[PDB]
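Visitor: Those sequence lines, one after another, are chains AL, AQ, AP, AD and AT. Here the authors' numbering is used: the first residue of the first sequence is 68, the next is one more, and so on. Here the authors' numbering is used: the first residue of the second sequence is 2, the next is one more, and so on. Here the authors' numbering is used: the first residue of the third sequence is 1, the next is one more, and so on. Here the authors' numbering is used: the first residue of the fourth sequence is 2, the next is one more, and so on. Here the authors' numbering is used: the first residue of the fifth sequence is 8, the next is one more, and so on. A virtual CB, placed ideally from N, CA and C, is assigned to each residue, including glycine.
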Amino acid sequence: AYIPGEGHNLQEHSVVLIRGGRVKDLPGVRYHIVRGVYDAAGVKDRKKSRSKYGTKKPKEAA
Amino acid sequence: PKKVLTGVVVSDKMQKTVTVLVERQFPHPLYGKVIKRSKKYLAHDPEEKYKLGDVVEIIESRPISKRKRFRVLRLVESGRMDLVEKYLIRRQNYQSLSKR
Amino acid sequence: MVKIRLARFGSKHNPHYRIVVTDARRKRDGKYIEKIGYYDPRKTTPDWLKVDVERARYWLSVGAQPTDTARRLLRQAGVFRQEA
Amino acid sequence: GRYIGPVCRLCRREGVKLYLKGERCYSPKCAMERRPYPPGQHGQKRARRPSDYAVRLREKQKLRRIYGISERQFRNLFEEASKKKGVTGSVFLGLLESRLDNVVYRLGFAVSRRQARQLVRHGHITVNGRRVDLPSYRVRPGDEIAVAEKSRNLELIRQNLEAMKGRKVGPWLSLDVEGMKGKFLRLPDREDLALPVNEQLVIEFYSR
Amino acid sequence: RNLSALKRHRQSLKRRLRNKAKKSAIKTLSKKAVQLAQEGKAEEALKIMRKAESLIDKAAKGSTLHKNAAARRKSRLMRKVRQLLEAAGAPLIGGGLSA
RNA sequence: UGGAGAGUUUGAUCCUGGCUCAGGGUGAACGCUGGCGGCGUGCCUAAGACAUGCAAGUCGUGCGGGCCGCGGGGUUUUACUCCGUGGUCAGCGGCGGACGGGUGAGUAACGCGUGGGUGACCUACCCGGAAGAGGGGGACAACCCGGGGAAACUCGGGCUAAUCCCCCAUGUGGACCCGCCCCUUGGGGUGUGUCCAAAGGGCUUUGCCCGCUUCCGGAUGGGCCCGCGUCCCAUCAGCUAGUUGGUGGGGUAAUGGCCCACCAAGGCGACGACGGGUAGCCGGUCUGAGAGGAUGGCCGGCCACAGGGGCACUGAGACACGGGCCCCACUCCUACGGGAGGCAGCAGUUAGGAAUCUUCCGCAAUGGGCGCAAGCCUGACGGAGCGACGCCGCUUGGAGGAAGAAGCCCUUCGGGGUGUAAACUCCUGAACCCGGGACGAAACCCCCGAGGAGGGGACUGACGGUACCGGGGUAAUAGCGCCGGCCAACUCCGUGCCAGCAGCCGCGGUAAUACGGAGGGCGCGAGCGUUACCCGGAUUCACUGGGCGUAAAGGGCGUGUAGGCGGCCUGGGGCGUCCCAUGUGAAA
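#1: Where are the alpha helix (DSSP H) runs, 4 residues long or more, that stay fully inside the segment 119-177 of chain AD, in chain order?
#2: Roughly how far, in whole angstroms, is the beta-carbon of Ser37 (chain AT) from the beta-carbon of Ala52 (chain AT), given that I think they are within contact range, below 8 Å?
#3: Rounded to the nearest angstrom, what separates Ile36 (chain AQ) and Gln26 (chain AQ) at their Cα positions?
#4: Counting along the chain, where does the alpha helix (DSSP H) carrying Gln90 (chain AT) start and finish?
#5: Between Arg102 (chain AL) and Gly109 (chain AL), which are expected to be in contact by the criterion C-beta below 8 Å, what is the C-beta distance as a whole number of angstroms?
#6: In this structure, how does DSSP classify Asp55 (chain AQ) when only helix, strand and coil are distinguished?
#7: Check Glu83 (chain AP) in the structure and name its three-state DSSP category.
#8: If you run the structure through DSSP and keep just helix, strand and coil, what is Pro28 (chain AQ)?
#9: Return the CA-CA distance between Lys30 (chain AT) and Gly101 (chain AT), expressed in angstroms with no decimal places.
#10: Could you give the uninterrupted runs of the beta strand (DSSP E) lying entirely in the segment 5-82 of chain AD, keeping only those of 3 residues or more?
#11: For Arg57 (chain AP) and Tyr38 (chain AP), I'd like the C-alpha separation in whole angstroms.
#12: Let me know the secondary structure DSSP gives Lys54 (chain AT) once reduced to three states.
#13: Could you work out which residue in AL:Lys123, AL:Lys124 and AL:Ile100 is closest to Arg86 (chain AL) when comparing CA atoms only?
#14: Considering only the beta carbon of each residue, do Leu22 (chain AQ) and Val5 (chain AQ) sit closer than 9 Å?
#15: Assuming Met56 (chain AT) and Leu99 (chain AT) are in contact, meaning their beta carbons sit under 8 Å apart, how far apart are those beta carbons, in whole angstroms?
#16: Is it right to say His123 (chain AD) is buried, meaning 16 or more other beta carbons lie within 10 angstroms of its own, or is it exposed?
#17: Give the C-beta separation of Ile33 (chain AP) and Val21 (chain AP) to the nearest angstrom, bearing in mind that I take them to be a contact with Cβ-Cβ under 8 Å.
#18: Taking only the alpha-carbon atoms, compute the straight-line gap between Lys126 (chain AL) and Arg49 (chain AD) and give it to the nearest angstrom.
#19: Does DSSP put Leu93 (chain AL) in a helix, in a strand, or in coil?
#20: Given 8 Å as the limit, is there contact between the segment 101-112 of chain AD and the segment 140-151 of chain AD, that is, 3 or more CB pairs closer than that?
#21: Got a sec, what are the start and stop residues for the beta strand (DSSP E) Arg209 (chain AD) sits in?
#22: Would you grab the beta carbon distance between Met1 (chain AP) and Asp29 (chain AP) for me? Rounded to a whole angstrom, and I think it's under 8 Å.
#23: CB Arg118 (chain AD) to CB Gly69 (chain AD), shorter than 9 Å?
#24: If you measure between the beta carbons of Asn161 (chain AD) and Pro136 (chain AD), is that distance less than 9 Å?
#25: So, for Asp46 (chain AQ): in the same chain, excluding its five sequence neighbours on each side, which residues have a beta-carbon less than 7 Å away from its beta-carbon?
#26: Look up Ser39 (chain AQ) in the DSSP assignment and say whether it is helix, strand or coil.
#27: Does any heavy atom of the ligand ZN sit closer than 8 Å to the C-beta of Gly109 (chain AD)?
#28: For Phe71 (chain AQ), report the span of its beta strand (DSSP E) as first-last.
#29: Between residue 238 (chain AD) and the rest of its own chain, which residues show a CB-CB distance below 7 Å, the 5 nearest in sequence each way excluded?
#30: Short check: CB of residue 1 (chain AT) to CB of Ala32 (chain AT), under 9 Å?
#31: Does the pairing of the segment 5-15 of chain AP with the segment 66-74 of chain AP give three or more beta-carbon distances under 8 Å?
#32: Does the contact criterion of 3 or more C-beta pairs under 8 Å hold for the segment 75-82 of chain AQ versus the segment 51-65 of chain AQ?
#33: Looking only at its chain, what residues have a beta carbon closer than 8 Å to the beta carbon of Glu205 (chain AD), apart from the 5 residues adjacent to it on each side?
#34: Between which two residues does the beta strand (DSSP E) carrying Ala7 (chain AP) extend?
#35: Going by CA-CA distance only, name the one from AT:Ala28, AT:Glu50 and AT:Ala12 that's closest to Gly69 (chain AT).
#36: Leaving out five residues before and five after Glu61 (chain AQ) in sequence, what residues of the same chain have Cβ atoms less than 7 Å from its Cβ?
In structure tokens:
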């Protein structure tokens with residue numbers, strides 16, 4: 068199980084709710100990760116990948 | 002309704018009952034071509050009147066015994082040696098095969 | 001035994017009681033031995049009423065007991081008639 | 002989400018003026034004539050060859066721009082049109098144009114789209130005794146488009162009714178501004194609504 | 008917890024009693040019958056036919072035995088008895104049997 | 001009335017051909033955003049386990065008391081009892097529990113869908129016809145005396161009533177025996193011999209209301225059986241001894257090895273047996289132009305089960321979820337002697353999982369049951385709630401308004417672009433304030449016509465002051481992916497094969513339109529993205545619709561079984577073809 072990408076945490080539990088998809092490496096890659104599941108709420112700051120990369124809909128002060 | 006069908010007499014052997022090889026036929030539900038289908042049924046006879054071959058017209062009846070469904074009615078023909086010979090060849094070829 | 005009963009249909013708040021002949025077993029929506037009419041208790045459209053006295057008389061004569069709103073149905077649609 | 006806001010921004014999107022935004026978007030520019038280039042940043046930066054499928058879908062877009070509707074209900078409308086036996090294309094066009102609010106628009110009570118809806122979906126309109134809102138109510142060959150009774154002695158009411166006295170609206174619409182009525186007469190057509198629309202390409206995007 | 012479904016099975020126990028009693032009574036009645044007929048008797052055997060047949064009416068009457076089954080047992084009974092009387096004899100007084 | 005392909009093998013071509021997505025879809029799920037309403041849908045896994053409240057009763061027009069009632073008779077009066085007699089627990093009794101509820105566990109199966117035989121059946125509360133309602137004697141509750149036990153409730157005992165129960169009957173008649181006539185699977189009559197019937201209750205009582213008796217046809221569902229269809233493996237080939245048959249019994253509502261007795265050797269098979277794996281079936285449901293392929297939840301019929309079983313009992317019917325008996329398994333009450341239990345019913349609890357709700361309300365509609373009804377229950381149903389979980393309708397404004405403001409991105413400093421977008425004026429008035437306001441409801445019931453036709457009285461609304469009407473009335477939520485080619489939409493720093501994106505070629509190694517950030521723009525919008533699972537594309541298991549000389553592929557080549565399809569002419573038969581009439585195929 069891979070990850071959704073940037074922002075590395077997840078000490079040992081996090082619950083990589085498997086999602087599913089291979090890439091041209093790590094023989095299989097199948098069954099990805101979500102973030103925000105029971106841990107790992109995306110990567111700090113985001114704009115579009117906020118459909119899996121946590122960081123809700125971050126609004127400023129203006 | 003009380004359907005009826007044909008059949009070539011197979012085997013007296015049993016007491017007071019004979020087996021009969023019936024005929025049926027039908028097309029294919031996607032492939033066309035009509036195909037043949039034989040069928041053995043319980044042809045009933047209180048007085049052994051139908052011998053080796055005797056084609057008859059057979060009948061639905063009250064369950065008189067064990068798988069002994071059906072009966073008969075009237076006779077059709079005799080001298081049915083060759084057809085039922087190829088049947089005996091069906092059993093023959095049945096013993097022409099084994100997986101040991 | 002066989003009876004002569006009503007059966008609600010439609011959707012939410014738009015019922016309409018279908019006149020079917022059914023033995024006391026077959027539950028409401030369940031099934032019908034035969035439908036022979038319709039009574040709409042709320043009134044909406046000139047569809048809100050119809051009975052067939054022919055089959056009604058059939059079931060009645062050979063043995064079938066109607067209900068009470070059905071007693072209304074006979075009270076009005078005069079299926080309880082006999083003329084003379 | 003039915004879009005809204007800067008509308009005749011999409012007038013110059015296709016560069017083909019789409020009245021839609023009332024008197025300003027009618028007389029000296031449909032936010033168009035002034036700068037009639039497809040907006041953004043590029044615009045005046047040379048385009049491409051729009052792949053035939055794409056611009057077929059673009060006359061489809063164009064179609065729904067000419068209504069001011071969401072693509073969902075509009076989609077379902079297309080299904081309903083293409084299905085029931087008829088000349089699917091013309092059927093589709095005139096059908097979409099049979100939508101209540103637009104009736105009340107081309108009729109004259111409205112100047113365009115958003116206003117049409119606003120005051121139609123307002124309940125400020127009455128058909129055959131009953132006052133109704135829903136714009137997406139596609140009327141039938143034989144109805145009466147009247148307008149409410151406290152919607153007689155009112156303002157912009159008198160505006161749209163002012164500018165209309167002495168104009169000609171579609172044949173299948175009967176205009177009686179002596180008694181605030183509008184007969185939804187015959188079925189219109191492709192030649193009743195002759196306008197920047199090619200129903201063909203539209204249909205075949207839809208008819209994938 | 009509590010419900011008059013105990014009512015149901017109380018009465019049901021009673022019905023069990025009914026059944027078994029009348030039933031076995033009928034069984035042994037029929038049996039003294041087949042004995043007497045087997046040896047070859049007549050008079051009192053066909054008297055057993057009498058009382059037993061009446062009994063099988065009370066059977067085709069209440070919810071112990073019943074119609075088709077009652078006439079099944081009765082038929083088998085009175086038929087059976089005819090077979091063994093004639094087997095080395097001839098009955099003189101009928102009853103459940105004609106002539 | 002119905003059909004689109006795209007990238008992908010090379011230095012370039014064209015085929016062979018798997019991959020991939022563009023697409024439709026769900027009982028869903030997750031991430032981001034979250035306004036209204038109608039209508040839906042809501043443990044797909046543990047057929048693990050369950051706290052507490054409710055799930056099926058009614059009947060005093062079936063019959064005798066306790067005890068709450070009243071006139072109060074008896075008692076000179078008392079004690080009080082008892083004559084009359086509402087209420088309430090029970091009893092005996094009558095009827096329902098076998099309808100309503102549910103899940104896939106079982107089930108390769110006349111179980112299911114389907115087309116029928118029944119001369120192999122059955123059927124009560126219901127309709128029609130018939131002959132009838134004499135008489136006897138008993139029994140145990142309730143009650144009263146006493147033992148056991150914490151509780152369970154068990155135990156000896158003496159009484160009372162009945163529509164409880166049996167006994168001789170009476171015979172429109174049915175049953176059997178054989179006799180005889182029609183039939184031709186146990187279908188129909190007759191004769192001789194025996195068989196049995198009954199319940200009374202209510203009152204306005206001399207009539208009616210609710211009901212007993214024995215039989216014949218029907219109205220209703222079920223039984224058994226039959227024809228046909230109902231998956232994956234051949235690395236499951238032989239199988240089987242109640243097994244194929246018969247005579248005589250038992251069995252049952254009915255034939256039947258279902259069983260027993262006894263005897264004869266058959267029955268299934270390469271047309272797929274036997275064996276094992278998976279799944280309850282369908283009307284229909286999604287999808288493709290169709291062919292089909294897959295699918296079976298709410299709904300409609302059919303099945304199976306009541307934590308597993310085995311089993312009778314009872315009844316018209318069951319092997320009976322809220323009936324019972326024994327092993328099992330697990331939980332709990334206990335004074336450790338004894339004993340109790342079944343949410344796959346309605347709510348929820350815990351486990352499990354990626355995820356599957358409220359222990360709300362009315363019998364007012366309608367339906368079951370019991371009662372003559374009035375009526376009593378009904379977690380059926382009829383209604384509220386929560387979740388964009390599916391569908392459909394929907395507001396967040398209109399209109400005016402700069403050669404074009406601040407702010408912000410590029411820039412060749414010319415300008416550009418954002419955006420008529422807002423600001424700036426007018427109008428229209430979501431929700432919010434008031435007052436009003438239902439449909440769902442007229443039969444049952446009371447009354448004259450006779451109780452028939454009908455005619456008048458009148459009751460009854462949970463939802464809910466909700467639906468909505470009329471008045472007052474504020475400019476009033478907007479997010480989601482993408483922006484290389486598929487596939488429509490690009491400039492600018494970032495970073496330097498590092499972080500990263502990825503369905504397919506893959507993209508970044510100082511100058512990336514693919515990653516992050518931004519200006520803008522594409523699609524959608526109360527939704528959008530993301531994975532899960534089903535058909536098409538896939539003419540890429542092809543019947544329409546291919547193949548096979550080098551691409552995957554002729555058995556090495558002969559042989560015959562069975563099998564598949566068979567020259568020319570004439571006539572006889574009508575299974576396939578065919579056509580008409582027709583029956584069914586319900587509804588949804």
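Guide: Put simply:
#1: DSSP runs (the alpha helix (DSSP H)) wholly in the segment 119-177 of chain AD: 156-165.
#2: The residue given as residue 37 (chain AT) occupies position 30 in the fifth sequence. The residue given as residue 52 (chain AT) occupies position 45 in the fifth sequence. Wrong, their Cβ atoms sit about 12 Å apart, outside the cutoff.
#3: Sequence index remark: in the second sequence, residue 36 (chain AQ) carries index 35 (1-based). Sequence index remark: in the second sequence, residue 26 (chain AQ) carries index 25 (1-based). Their backbone Cα atoms lie some 6 Å apart in a straight line.
#4: Taking the first residue of the fifth sequence as 1, we reach residue 90 (chain AT) at position 83. Run containing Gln90 (chain AT): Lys74 to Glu93, per the alpha helix (DSSP H) assignment.
#5: Locating residue 102 (chain AL) in the first sequence gives position 35, counting from the first residue. Locating residue 109 (chain AL) in the first sequence gives position 42, counting from the first residue. Correct: roughly 5 Å between the Cβ atoms.
#6: The residue you call residue 55 (chain AQ) lines up with position 54 of the second sequence. Reduced to three states, the DSSP call for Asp55 (chain AQ) is strand.
#7: The residue given as residue 83 (chain AP) occupies position 83 in the third sequence. In the structure shown, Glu83 (chain AP) sits in coil (DSSP, three-state: anything other than H, G, I, E or B).
#8: What you label residue 28 (chain AQ) is simply residue 27 of the second sequence in a count that begins at 1. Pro28 (chain AQ): strand per DSSP, three-state reduction.
#9: Counting from one through the fifth sequence, the residue named residue 30 (chain AT) turns up at place 23. Counting from one through the fifth sequence, the residue named residue 101 (chain AT) turns up at place 94. About 25 Å.
#10: none
#11: Residue 57 (chain AP) sits at position 57 when you count from the first residue of the third sequence. Residue 38 (chain AP) sits at position 38 when you count from the first residue of the third sequence. Whole-angstrom Cα-Cα distance: 16 Å.
#12: The residue you call residue 54 (chain AT) lines up with position 47 of the fifth sequence. Residue state, collapsed to three classes: helix.
#13: Here residue 86 (chain AL) is taken as the residue at index 19 of the first sequence, counted from 1. Restricting attention to AL:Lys123, AL:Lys124 and AL:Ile100, the CA atom closest to the CA of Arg86 (chain AL) is found in AL:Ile100.
#14: Residue numbering aside, residue 22 (chain AQ) sits at position 21 when the second sequence is read from its first letter. Residue numbering aside, residue 5 (chain AQ) sits at position 4 when the second sequence is read from its first letter. Not closer than 9 Å, so no.
#15: Here residue 56 (chain AT) is taken as the residue at index 49 of the fifth sequence, counted from 1. Here residue 99 (chain AT) is taken as the residue at index 92 of the fifth sequence, counted from 1. Going by Cβ atoms, the distance from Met56 (chain AT) to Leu99 (chain AT) rounds to 14 Å, so no, they are not a contact pair.
#16: Within the fourth sequence, numbered from 1, the residue matching residue 123 (chain AD) stands at position 122. It is exposed - the Cβ of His123 (chain AD) has fewer than 16 other Cβ atoms within 10 Å.
#17: For the purposes of this step, residue 33 (chain AP) is identified with residue 33 of the third sequence, where counting begins at 1. For the purposes of this step, residue 21 (chain AP) is identified with residue 21 of the third sequence, where counting begins at 1. With a Cβ gap of about 5 Å, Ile33 (chain AP) and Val21 (chain AP) count as contacting.
#18: For the purposes of this step, residue 126 (chain AL) is taken as residue 59 along the first sequence, with counting starting at 1. For the purposes of this step, residue 49 (chain AD) is taken as residue 48 along the fourth sequence, with counting starting at 1. Roughly 37 Å separates the two Cα atoms.
#19: Within the first sequence, numbered from 1, the residue matching residue 93 (chain AL) stands at position 26. It is helical.
#20: As far as the Cβ criterion goes, the segment 101-112 of chain AD touches the segment 140-151 of chain AD, which means the pair count is three or higher.
#21: Looking up residue 209 (chain AD) in the fourth sequence gives position 208. It is not in any beta strand (DSSP E) - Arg209 (chain AD) carries neither H nor E in the DSSP assignment.
#22: For the purposes of this step, residue 1 (chain AP) is taken as residue 1 along the third sequence, with counting starting at 1. For the purposes of this step, residue 29 (chain AP) is taken as residue 29 along the third sequence, with counting starting at 1. That pair is no contact at about 20 Å.
#23: Along the fourth sequence, read from residue 1 onward, the residue named residue 118 (chain AD) stands at position 117. Along the fourth sequence, read from residue 1 onward, the residue named residue 69 (chain AD) stands at position 68. The answer is yes: Cβ separation under 9 Å.
#24: For the purposes of this step, residue 161 (chain AD) is taken as residue 160 along the fourth sequence, with counting starting at 1. For the purposes of this step, residue 136 (chain AD) is taken as residue 135 along the fourth sequence, with counting starting at 1. No.
#25: The residue labelled residue 46 (chain AQ) in the question sits at position 45 within the second sequence. Cβ within range, chain order: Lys17, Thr18, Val19 and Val73.
#26: The residue you call residue 39 (chain AQ) lines up with position 38 of the second sequence. Reduced to three states, the DSSP call for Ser39 (chain AQ) is strand.
#27: The ligand content of the structure shown is nil, which means the ligand ZN is not present either.
#28: Here residue 71 (chain AQ) refers to the residue found at position 70 when the second sequence is read from its first residue. Run containing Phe71 (chain AQ): none; DSSP gives neither H nor E here.
#29: What is shown of chain AD runs 2 to 209, which leaves residue 238 (chain AD) out entirely.
#30: With chain AT covering only 8 through 106, there is no way to say anything about residue 1 (chain AT).
#31: yes
#32: yes
#33: In the fourth sequence, counting from the first residue as 1, residue 205 (chain AD) sits at position 204. Around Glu205 (chain AD): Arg57.
#34: As a position in the third sequence, residue 7 (chain AP) is number 7, starting the count at 1. For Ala7 (chain AP), the uninterrupted beta strand (DSSP E) run begins and ends at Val2 to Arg8, by DSSP.
#35: The residue you call residue 69 (chain AT) lines up with position 62 of the fifth sequence. That would be AT:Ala28, whose Cα lies nearest to the Cα of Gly69 (chain AT).
#36: Start at 1 with the first residue of the second sequence, and residue 61 (chain AQ) comes out as number 60. Non-local beta-carbon contacts of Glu61 (chain AQ) in its own chain, meaning distances under 7 Å to residues more than five positions away in sequence, involve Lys3, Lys4 and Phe71 in chain order.
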